[PDB]
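Here's the structure, in structure tokens; my notes come after.
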Amino acid sequence: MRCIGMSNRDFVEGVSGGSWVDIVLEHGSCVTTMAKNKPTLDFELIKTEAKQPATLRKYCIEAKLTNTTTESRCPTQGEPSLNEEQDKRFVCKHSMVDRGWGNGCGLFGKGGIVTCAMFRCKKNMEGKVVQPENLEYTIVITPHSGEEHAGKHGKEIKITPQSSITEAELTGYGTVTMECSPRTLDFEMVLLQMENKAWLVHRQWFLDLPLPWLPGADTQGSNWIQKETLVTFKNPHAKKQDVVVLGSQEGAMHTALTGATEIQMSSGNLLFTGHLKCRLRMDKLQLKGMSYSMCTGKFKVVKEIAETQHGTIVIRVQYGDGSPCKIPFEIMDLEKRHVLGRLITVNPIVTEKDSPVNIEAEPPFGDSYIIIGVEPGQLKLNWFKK
């Protein structure tokens with residue numbers, strides 16, 4: 001039903017036997033395939049996500065400062081130093097400040113001063129690089145049977161442009177074999193993540209951001225590069241100097257990303273709307289239910305016959321005199337002389353007594369008789385397709 005209710009639906013059929021059939025899969029669309037003596041199948045590409053893409057750079061957007069320490073020397077005695085100036089967790093600056101008798105020096109003149117503060121990142125963002133490969137497309141292959149629910153999921157399969165040809169098993173019908181190509185999606189770009197919300201941004205812009213950062217392959221999260229971007233050193237004094245950190249930049253960032261394509265995501269994974277080209281073979285598929293009896297009984301059209309968006313109809317029917325059986329469906333002319341139209345639901349069958357068995361069929365254009373059932377009450381339903 002899902003595919004019948006979709007506006008974007010392609011009907012594909014193989015012009016050969018045992019041959020490959022090509023189909024194009026898109027998000028929000030579905031493809032229905034058919035073949036002589038083979039079940040009709042529905043294909044849909046539902047998910048396209050990058051799994052664990054390489055982290056390029058972590059940017060700190062909010063930090064705190066602690067243990068600020070100052071050291072300074074008198075004019076003439078060289079550049080002062082602090083050992084924490086060797087500790088990668090600190091931000092430091094070297095400057096010159098006036099000195100003299102008033103603050104412990106013999107000479108009046110400029111002296112060397114140095115100040116360091118431990119830098120602690122409190123909130124960061126990270127940009128990742130999505131490789132075309134390692135992208136994972138989810139495709140659902142549903143048997144077009146018409147059976148009911150309200151336990152019958154189509155087979156779900158996940159593939160990668162690097163995975164080999166897939167052999168999907170469809171309970172009851174065999175297996176279907178298919179291969180796909182991510183046939184034209186770009187990735188010199190980058191995906192920025194600001195706390196579970198992501199964006200697609202151009203490179204060299206991400207790399208130019210004036211914020212403290214760390215090479216992607218880090219785990220310490222301490223040795224930030226260019227911390228001065230979030231730190232300001234006030235003018236020094238003879239023996240002390242103040243250091244203040246800018247406020248969070250989450251906001252400056254947000255109202256800075258407006259415009260760039262926003263990217264959905266979940267469970268840490270990024271999601272995209274992919275495009276696939278696939279080829280499938282049905283030589284290993286077969287009809288579920290062949291070798292049954294031809295229902296010899298009655299059906300009551302459950303409700304109003306429905307018209308789909310694809311020149312087809314969906315007739316609900318429920319047995320009646322018999323085994324879980326094949327159904328006699330047949331669309332003929334007003335005279336019941338020749339067969340017209342065709343079934344999209346193939347080898348339609350009943351599993352239970354009082355089990356609405358939906359059936360999608362394609363009536364020819366104009367007038368036709370929809371003959372459901374056999375000789376007690378073969379169900380002649382008139383139909384006009386405009």
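In the structure tokens, chains take the letters A, B, ... in the order shown, each chain's residues start at 1, and ligands count up from 1 in the order shown.
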12 Å contact set for residue 119 in chain A, only C-alpha atoms, chain neighbours under 2 positions out, as a PyMOL selection string: chain A and resi 60+62-68+84+87-92+116-117+121-122+212+221-231+243-246
Store the residues of this selection in a file with N, CA, C and O atoms, as a short mmCIF file (atom, residue, chain, number, x, y, z; two decimals), in the first residue's frame.
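Full text of again.cif as output:
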```cif
data_model
loop_
_atom_site.label_atom_id
_atom_site.label_comp_id
_atom_site.auth_asym_id
_atom_site.auth_seq_id
_atom_site.Cartn_x
_atom_site.Cartn_y
_atom_site.Cartn_z
N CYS A 60 36.86 25.01 19.90
CA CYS A 60 36.33 25.36 21.20
C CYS A 60 35.51 26.64 20.99
O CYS A 60 35.97 27.56 20.30
N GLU A 62 33.60 28.01 23.79
CA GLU A 62 33.35 28.56 25.11
C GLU A 62 34.38 27.98 26.07
O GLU A 62 34.58 26.77 26.14
N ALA A 63 35.02 28.86 26.83
CA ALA A 63 36.04 28.39 27.76
C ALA A 63 36.08 29.16 29.06
O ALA A 63 35.42 30.19 29.22
N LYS A 64 36.86 28.64 29.99
CA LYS A 64 37.05 29.27 31.28
C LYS A 64 38.55 29.36 31.54
O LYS A 64 39.34 28.65 30.90
N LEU A 65 38.94 30.23 32.46
CA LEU A 65 40.34 30.40 32.82
C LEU A 65 40.50 30.18 34.31
O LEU A 65 39.63 30.54 35.10
N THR A 66 41.62 29.58 34.70
CA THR A 66 41.90 29.37 36.11
C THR A 66 43.41 29.56 36.32
O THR A 66 44.16 29.71 35.35
N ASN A 67 43.83 29.57 37.58
CA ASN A 67 45.23 29.75 37.95
C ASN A 67 46.01 30.68 37.02
O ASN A 67 46.90 30.25 36.29
N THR A 68 45.66 31.96 37.06
CA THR A 68 46.34 32.95 36.27
C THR A 68 47.59 33.32 37.08
O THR A 68 47.50 33.66 38.27
N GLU A 84 54.98 26.74 33.51
CA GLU A 84 53.68 26.40 32.94
C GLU A 84 53.59 26.91 31.51
O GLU A 84 52.64 26.62 30.79
N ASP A 87 53.45 23.96 29.57
CA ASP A 87 52.28 23.13 29.77
C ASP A 87 51.26 23.54 28.71
O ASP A 87 50.73 24.65 28.75
N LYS A 88 50.97 22.64 27.78
CA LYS A 88 50.05 22.92 26.68
C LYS A 88 48.61 23.31 27.06
O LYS A 88 47.82 23.70 26.20
N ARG A 89 48.26 23.20 28.34
CA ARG A 89 46.91 23.57 28.76
C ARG A 89 46.80 25.06 29.09
O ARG A 89 45.71 25.55 29.37
N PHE A 90 47.92 25.78 29.07
CA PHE A 90 47.91 27.21 29.40
C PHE A 90 48.03 28.13 28.20
O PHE A 90 48.57 27.75 27.15
N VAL A 91 47.52 29.34 28.36
CA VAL A 91 47.61 30.36 27.32
C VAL A 91 48.52 31.37 28.00
O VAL A 91 48.34 31.67 29.19
N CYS A 92 49.51 31.85 27.27
CA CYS A 92 50.46 32.80 27.84
C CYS A 92 50.78 33.91 26.87
O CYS A 92 50.59 33.77 25.66
N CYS A 116 50.33 33.64 32.47
CA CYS A 116 49.72 32.43 31.94
C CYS A 116 48.47 32.10 32.74
O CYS A 116 48.38 32.39 33.94
N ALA A 117 47.52 31.46 32.07
CA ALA A 117 46.27 31.06 32.70
C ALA A 117 45.91 29.71 32.12
O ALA A 117 46.10 29.47 30.92
N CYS A 121 38.31 24.35 28.04
CA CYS A 121 37.19 24.43 27.11
C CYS A 121 35.93 23.84 27.75
O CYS A 121 35.98 22.75 28.33
N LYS A 122 34.82 24.55 27.66
CA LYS A 122 33.57 24.09 28.25
C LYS A 122 32.52 23.64 27.23
O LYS A 122 31.58 22.92 27.57
N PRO A 212 39.88 28.52 19.08
CA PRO A 212 40.86 27.51 19.49
C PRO A 212 40.43 26.16 18.90
O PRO A 212 39.24 25.87 18.84
N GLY A 221 41.76 16.67 24.55
CA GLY A 221 40.84 17.79 24.59
C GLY A 221 41.39 18.92 25.45
O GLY A 221 40.63 19.78 25.92
N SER A 222 42.71 18.93 25.64
CA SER A 222 43.34 19.93 26.48
C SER A 222 44.30 20.88 25.77
O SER A 222 44.27 22.08 26.00
N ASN A 223 45.15 20.34 24.91
CA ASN A 223 46.17 21.11 24.20
C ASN A 223 45.77 22.03 23.04
O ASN A 223 46.44 22.07 22.01
N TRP A 224 44.70 22.79 23.25
CA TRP A 224 44.18 23.70 22.24
C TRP A 224 45.18 24.60 21.53
O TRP A 224 46.14 25.09 22.12
N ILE A 225 44.92 24.82 20.24
CA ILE A 225 45.76 25.65 19.39
C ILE A 225 45.11 27.01 19.18
O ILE A 225 43.92 27.09 18.88
N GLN A 226 45.90 28.07 19.32
CA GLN A 226 45.46 29.46 19.20
C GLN A 226 44.34 29.82 20.17
O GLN A 226 43.26 30.29 19.79
N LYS A 227 44.64 29.62 21.45
CA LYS A 227 43.73 29.93 22.54
C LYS A 227 43.51 31.43 22.65
O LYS A 227 42.46 31.86 23.12
N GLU A 228 44.50 32.21 22.22
CA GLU A 228 44.40 33.67 22.29
C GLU A 228 43.16 34.19 21.59
O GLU A 228 42.72 35.31 21.84
N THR A 229 42.58 33.37 20.72
CA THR A 229 41.37 33.78 20.01
C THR A 229 40.20 34.01 20.99
O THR A 229 39.33 34.84 20.74
N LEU A 230 40.20 33.29 22.11
CA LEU A 230 39.15 33.46 23.12
C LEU A 230 39.70 34.10 24.39
O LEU A 230 39.02 34.15 25.42
N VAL A 231 40.92 34.61 24.31
CA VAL A 231 41.52 35.22 25.48
C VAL A 231 42.01 36.61 25.19
O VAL A 231 42.47 36.91 24.09
N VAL A 243 43.71 38.70 32.88
CA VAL A 243 43.41 37.98 31.66
C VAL A 243 41.94 37.60 31.72
O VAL A 243 41.49 37.02 32.71
N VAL A 244 41.19 37.94 30.68
CA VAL A 244 39.76 37.60 30.63
C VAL A 244 39.49 36.83 29.37
O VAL A 244 40.15 37.01 28.35
N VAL A 245 38.49 35.96 29.44
CA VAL A 245 38.11 35.15 28.30
C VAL A 245 36.82 35.68 27.70
O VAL A 245 35.94 36.14 28.43
N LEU A 246 36.71 35.62 26.37
CA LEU A 246 35.50 36.06 25.70
C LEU A 246 34.35 35.18 26.17
O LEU A 246 34.57 34.14 26.78
#
```
For residue 4 in chain A: contacts at 9 Å, only C-alpha atoms, fewer than 6 positions along chain excluded, given as an NGL selection string: :A and (30 or 308-310 or 360)
Written selection (C-alpha atoms) as a compact mmCIF listing (two decimals), in the first residue's frame:
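The resulting file, result11.txt, is reproduced below:
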```
# COMPACT_ATOMS: atom_id res chain seq x y z
CA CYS A 30 9.14 4.01 -5.10
CA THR A 308 -5.11 5.03 -7.42
CA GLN A 309 -2.97 7.83 -8.80
CA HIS A 310 -1.60 5.37 -11.35
CA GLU A 360 -4.33 -3.87 -7.23
```
Within 7 Å of range 281-290 of chain A using only C-alpha atoms, minus same-chain residues under 5 positions, as a ChimeraX atom specification: /A:18-21,37-39,172-178
Per-residue DSSP, range 235-317 of chain A, filtered to strand (DSSP E or B), as a count of residues only: 24
Can you write out as JSON lines which residues of range 205-317 of chain A fall within 8 Å of range 191-199 of chain A, alongside each residue's closest atom pair and its distance in Å to one decimal, counting only C-alpha atoms and ordering rows by chain and ascending residue number?
```
{"residue": "A:250", "atom": "CA", "partner": "A:194", "partner_atom": "CA", "distance": 7.9}
{"residue": "A:257", "atom": "CA", "partner": "A:199", "partner_atom": "CA", "distance": 7.8}
{"residue": "A:260", "atom": "CA", "partner": "A:199", "partner_atom": "CA", "distance": 6.7}
{"residue": "A:261", "atom": "CA", "partner": "A:199", "partner_atom": "CA", "distance": 6.0}
{"residue": "A:262", "atom": "CA", "partner": "A:199", "partner_atom": "CA", "distance": 4.4}
{"residue": "A:263", "atom": "CA", "partner": "A:199", "partner_atom": "CA", "distance": 5.0}
{"residue": "A:264", "atom": "CA", "partner": "A:198", "partner_atom": "CA", "distance": 6.6}
{"residue": "A:265", "atom": "CA", "partner": "A:197", "partner_atom": "CA", "distance": 7.2}
{"residue": "A:266", "atom": "CA", "partner": "A:196", "partner_atom": "CA", "distance": 7.6}
{"residue": "A:268", "atom": "CA", "partner": "A:196", "partner_atom": "CA", "distance": 7.0}
{"residue": "A:270", "atom": "CA", "partner": "A:198", "partner_atom": "CA", "distance": 7.8}
```
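Rounded to one decimal, CA of residue 187 in chain A and CA of residue 200 in chain A lie 9.5 Å from each other.
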Go through range 338-357 of chain A residue by residue and, counting only C-alpha atoms, keep those with an atom at most 8 Å from range 314-330 of chain A; for each kept residue give the shortest atom pair and its distance in Å to one decimal, ordered by chain and increasing number, as a Markdown table.
```
| residue | atom | partner | partner_atom | distance |
| --- | --- | --- | --- | --- |
| A:339 | CA | A:330 | CA | 7.0 |
| A:342 | CA | A:330 | CA | 7.9 |
| A:347 | CA | A:326 | CA | 6.5 |
| A:348 | CA | A:327 | CA | 5.9 |
| A:349 | CA | A:326 | CA | 4.4 |
| A:350 | CA | A:324 | CA | 5.0 |
| A:351 | CA | A:324 | CA | 4.7 |
| A:352 | CA | A:324 | CA | 6.0 |
| A:353 | CA | A:319 | CA | 5.8 |
| A:354 | CA | A:318 | CA | 5.5 |
| A:355 | CA | A:318 | CA | 5.7 |
| A:356 | CA | A:318 | CA | 4.9 |
| A:357 | CA | A:317 | CA | 5.4 |
```
Those residues you just picked out, can you put them in a file as an mmCIF file, in the first residue's frame with N, CA, C and O atoms?
```
data_model
loop_
_atom_site.group_PDB
_atom_site.id
_atom_site.type_symbol
_atom_site.label_atom_id
_atom_site.label_comp_id
_atom_site.auth_asym_id
_atom_site.auth_seq_id
_atom_site.Cartn_x
_atom_site.Cartn_y
_atom_site.Cartn_z
ATOM 1 N N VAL A 339 -9.507 -11.195 -22.811
ATOM 2 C CA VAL A 339 -8.927 -10.689 -21.578
ATOM 3 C C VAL A 339 -8.327 -9.314 -21.853
ATOM 4 O O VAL A 339 -7.685 -9.095 -22.879
ATOM 5 N N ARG A 342 -4.492 -6.029 -16.745
ATOM 6 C CA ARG A 342 -3.606 -6.966 -16.061
ATOM 7 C C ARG A 342 -3.495 -6.669 -14.576
ATOM 8 O O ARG A 342 -3.822 -5.577 -14.108
ATOM 9 N N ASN A 347 -0.913 -13.628 -8.624
ATOM 10 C CA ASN A 347 -1.285 -14.840 -7.895
ATOM 11 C C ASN A 347 -1.904 -14.438 -6.572
ATOM 12 O O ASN A 347 -1.479 -14.870 -5.504
ATOM 13 N N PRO A 348 -2.929 -13.579 -6.636
ATOM 14 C CA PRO A 348 -3.633 -13.102 -5.455
ATOM 15 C C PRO A 348 -4.206 -14.311 -4.742
ATOM 16 O O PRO A 348 -4.732 -15.223 -5.383
ATOM 17 N N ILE A 349 -4.083 -14.333 -3.423
ATOM 18 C CA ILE A 349 -4.553 -15.478 -2.665
ATOM 19 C C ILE A 349 -5.160 -15.095 -1.324
ATOM 20 O O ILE A 349 -4.884 -14.026 -0.787
ATOM 21 N N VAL A 350 -5.985 -15.988 -0.786
ATOM 22 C CA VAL A 350 -6.625 -15.771 0.507
ATOM 23 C C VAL A 350 -5.945 -16.624 1.579
ATOM 24 O O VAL A 350 -5.762 -17.830 1.402
ATOM 25 N N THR A 351 -5.562 -15.991 2.681
ATOM 26 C CA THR A 351 -4.901 -16.704 3.770
ATOM 27 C C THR A 351 -5.888 -17.126 4.850
ATOM 28 O O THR A 351 -5.732 -18.181 5.469
ATOM 29 N N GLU A 352 -6.909 -16.302 5.074
ATOM 30 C CA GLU A 352 -7.899 -16.596 6.103
ATOM 31 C C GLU A 352 -9.334 -16.297 5.693
ATOM 32 O O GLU A 352 -9.589 -15.535 4.762
ATOM 33 N N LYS A 353 -10.268 -16.917 6.402
ATOM 34 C CA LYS A 353 -11.677 -16.683 6.169
ATOM 35 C C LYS A 353 -11.871 -15.337 6.857
ATOM 36 O O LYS A 353 -11.477 -15.166 8.012
ATOM 37 N N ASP A 354 -12.457 -14.378 6.149
ATOM 38 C CA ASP A 354 -12.643 -13.040 6.708
ATOM 39 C C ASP A 354 -11.281 -12.387 6.939
ATOM 40 O O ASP A 354 -10.888 -12.101 8.073
ATOM 41 N N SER A 355 -10.566 -12.177 5.837
ATOM 42 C CA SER A 355 -9.253 -11.547 5.837
ATOM 43 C C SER A 355 -9.205 -10.707 4.560
ATOM 44 O O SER A 355 -8.812 -11.191 3.502
ATOM 45 N N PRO A 356 -9.628 -9.439 4.647
ATOM 46 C CA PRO A 356 -9.630 -8.549 3.484
ATOM 47 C C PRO A 356 -8.370 -8.660 2.611
ATOM 48 O O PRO A 356 -7.279 -8.268 2.998
ATOM 49 N N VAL A 357 -8.525 -9.206 1.417
ATOM 50 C CA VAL A 357 -7.377 -9.354 0.542
ATOM 51 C C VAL A 357 -7.361 -8.269 -0.522
ATOM 52 O O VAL A 357 -8.003 -8.403 -1.559
#
```
Range 368-374 of chain A environment, 9 Å, only C-alpha atoms, sequence neighbours closer than 6 positions dropped, as JSON, numbers by chain: {"A": [294, 295, 296, 297, 298, 299, 317, 327, 328, 329, 330, 331, 332, 333, 334, 335, 336, 340, 341, 380, 381, 382, 383, 384, 385]}
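Closest approach to residue 233 in chain A from the set A:386, A:51, A:94, A:279 is made by A:94, with distances taken over only C-alpha atoms.
In this structure, CA of residue 72 in chain A sits 17.0 Å away from CA of residue 86 in chain A.
Here CA of residue 215 in chain A and CA of residue 59 in chain A stand 9.3 Å from one another.
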Secondary structure check, helix (DSSP H, G or I) residues of range 66-303 of chain A, as a PyMOL selection string: chain A and resi 83-86+101-103+227-230+250-257
